[PDB]
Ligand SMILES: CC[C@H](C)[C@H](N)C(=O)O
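The chain below stands alone and is given as structure tokens, in the form deposited without ligand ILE.
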């Protein structure tokens, strides 16, 4: 009876939509937490007297401890401050017992975290990239720090992208995230974390239907139902078997 199928469809639509919202919120809350942290760190650095900021030795001794405490507080991989002379004051989890040091070898003026922070007055969030030091996908938050209009340097905070995957994986529903290049990034079902799998049908269905609009599509000639939505640069999706409406 059309009435019963309709009732099942309307129900599963509302449920899957609600679950997609939870994954969307997960991404949002992760980002906002890390932005709030970065902003706080910016404010604490800029609050220092200029005398504490205008020699390299004073930067090491006065900013260094701040970087370290902040790093510890959130268990970040790296917290650092890049200067216009090319040097970086680096606080790193991998060398936790050593005081933060000035590194001159990180080629910072060719890096997007540095360059892009100077082109916006907001926090800049990098796409997830390989730290081929850390063997680890990282998301970097950066922010140019100004004291009374005067640039001090560019703050950078490295968070393991695994942290966001881990949060997504625990969400209800068969939810997952694509990055900017439509490649799988995070998933409830960890078996999806595999570049071999095609997602053309879901991506094509999303293309035709737009954000938060429930759709039908096919896998192995079986019907599935889903919805996707843009979340920042990500695409968040949920899919299920259509057996709930058909059987």
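Positions refer to the first chain, counted from 1. C-alpha atoms forming the largest set that superposes within 1.5 Å between two forms make up the rigid core.
Omitted from view is the form solved in complex with ligand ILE, to which the following refers.
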**OP:** Backbone and C-beta atoms within 2.4 Å of 3 or more ligand atoms means blocked; with that in mind, superpose ligand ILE from its pose in the deposited complex onto this chain and give open or blocked.
**Re:** open
Original post:
Is ligand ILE in the deposited complex near all of 106, 129 and 133, within 4.5 Å of a heavy atom of each?
Top reply: yes
Original post:
Want to guess which of 80-88, 144-152, 117-125, 173-181 is within 4.5 Å of ligand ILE in the deposited complex, heavy atoms only?
Top reply: 80-88
Subject >> Heavy atom of residue 111 within 4.5 Å of ligand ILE in the deposited complex >> reply: yes
Original post:
Can you name the residues of 151-167 that have a non-hydrogen atom within 4.5 angstroms of ligand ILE in the deposited complex?
Top reply: 158
**OP:** Go through 151, 167, 134, 118 and flag the only one whose CA is off by 2 Å or more between the shown form and the other one, rigid core held fixed.
**Re:** 134
Original post:
Do residue 189 and residue 132 move together or apart in the deposited complex, judged by C-alpha distance changing 3 Å or more?
Top reply: farther
